[PDB]
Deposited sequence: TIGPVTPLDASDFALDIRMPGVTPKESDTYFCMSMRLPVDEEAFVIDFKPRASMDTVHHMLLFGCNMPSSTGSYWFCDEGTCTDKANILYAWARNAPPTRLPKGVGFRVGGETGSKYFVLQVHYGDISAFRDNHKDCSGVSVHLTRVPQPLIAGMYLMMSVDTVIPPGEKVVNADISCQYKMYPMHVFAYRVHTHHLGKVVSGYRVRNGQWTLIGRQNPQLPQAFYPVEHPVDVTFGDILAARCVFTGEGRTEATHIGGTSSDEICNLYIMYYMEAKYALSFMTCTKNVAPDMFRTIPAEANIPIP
């Protein structure tokens, strides 16, 4: 019965984002569906409850790739930038938002749509006629949150792995010049050749680990043990060791100064990498 929208108290409501009873046909199948916000004004996403599924992602975006009641994620998730809000893996520990932190959605600037991605692991071939409704419950409030979550995305663009080779580094750096952000989670993404990815704040030639992972693991968001403040005149730097290179850094900022999204797609301090902690080059098999 649980309607798409459940009012909770005066300025709070819950959204249920659930597959419309899809039937995964072969193993491996990624399914997407979308859900417009019911409000045009700004709202804040402050909590999530996740409902043979190995992976779920929730994104914030303005242009969903399809308009069907669900679609194969092959066709894409969003045709615009897919601001990731939430990740669930089957055994990993899910995206937990700190108290006082919310994603800002709606208004303008905010996302108008949620896009739900569901990865179905391995389906028996005999499944008698399984309709499935996996998804996420989302707690939103119109009360202003003191801290705003956003996403700093580090992206290696040009780098190229040649013949005659066994290890190639792809380095990314940008000076940070915004108000303070506090990194509380991170996720990594490469493809087959990716062996280890690490992210760091560089302050006065001193390197603080944000996080490092072998990119072939259950890409949920891993918690950053102690939140790393990144401030004005810090350099963000990442290394992908290959044999693409994305690193998603989930932060919060103070509401008055908050950006929902930032991006690094360049390498400004290439000689700094000389002085990168040795751990950045160690395998995580």
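Map the modelled residues onto the deposited sequence and report the uncovered stretches in sequence order.
-> Those parts of the chain that were deposited but carry no coordinates are 52-55, 248-264.
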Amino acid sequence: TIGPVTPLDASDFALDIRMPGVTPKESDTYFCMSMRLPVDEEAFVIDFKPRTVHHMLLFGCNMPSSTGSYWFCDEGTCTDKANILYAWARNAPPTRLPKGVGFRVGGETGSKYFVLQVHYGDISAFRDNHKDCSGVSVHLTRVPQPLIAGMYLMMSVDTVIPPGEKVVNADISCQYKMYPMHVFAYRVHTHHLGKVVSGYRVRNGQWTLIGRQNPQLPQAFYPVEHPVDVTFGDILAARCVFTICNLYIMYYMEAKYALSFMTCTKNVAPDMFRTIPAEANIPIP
From here on, numbers count along this sequence of modelled residues.
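Output the stretch having the higher mean C-alpha B factor in the entry; the candidates are 230-238 and 212-220.
-> The recorded data point to 212-220.
Could you check which stretch, 136-144 or 73-81, carries the larger mean CA temperature factor in the entry?
-> Per the PDB entry, the higher value belongs to 73-81.
In the PDB entry, which of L116, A149, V157, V197 has its C-alpha at the highest B-factor?
-> In this record, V157 carries the highest C-alpha B-factor of the candidates.
Ranked by Cα temperature factor within the chain, is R201 in the lowest third, the middle third or the highest third?
-> Ranked within chain, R201 CA B lands in the lowest tercile.
Position of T6 among the chain's modelled residues by C-alpha B-factor, lowest, middle or highest third = For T6, the deposited C-alpha B-factor lands in the middle third.
Would you mind checking where the Cα B-factor of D40 ranks among the modelled residues of its chain, as the lowest, middle or highest third?
-> As the PDB entry reports it, the C-alpha B-factor of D40 lands in the highest third of its chain.
Taking the chain's C-alpha temperature factors as the reference, tell me which third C264 falls into: lowest, middle or highest.
-> Middle third - that is where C264 ends up once the chain's C-alpha B-factors are sorted.
Where does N62 sit by CA temperature factor within its chain: lowest, middle or highest third?
-> As the PDB entry reports it, the C-alpha B-factor of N62 lands in the middle third of its chain.
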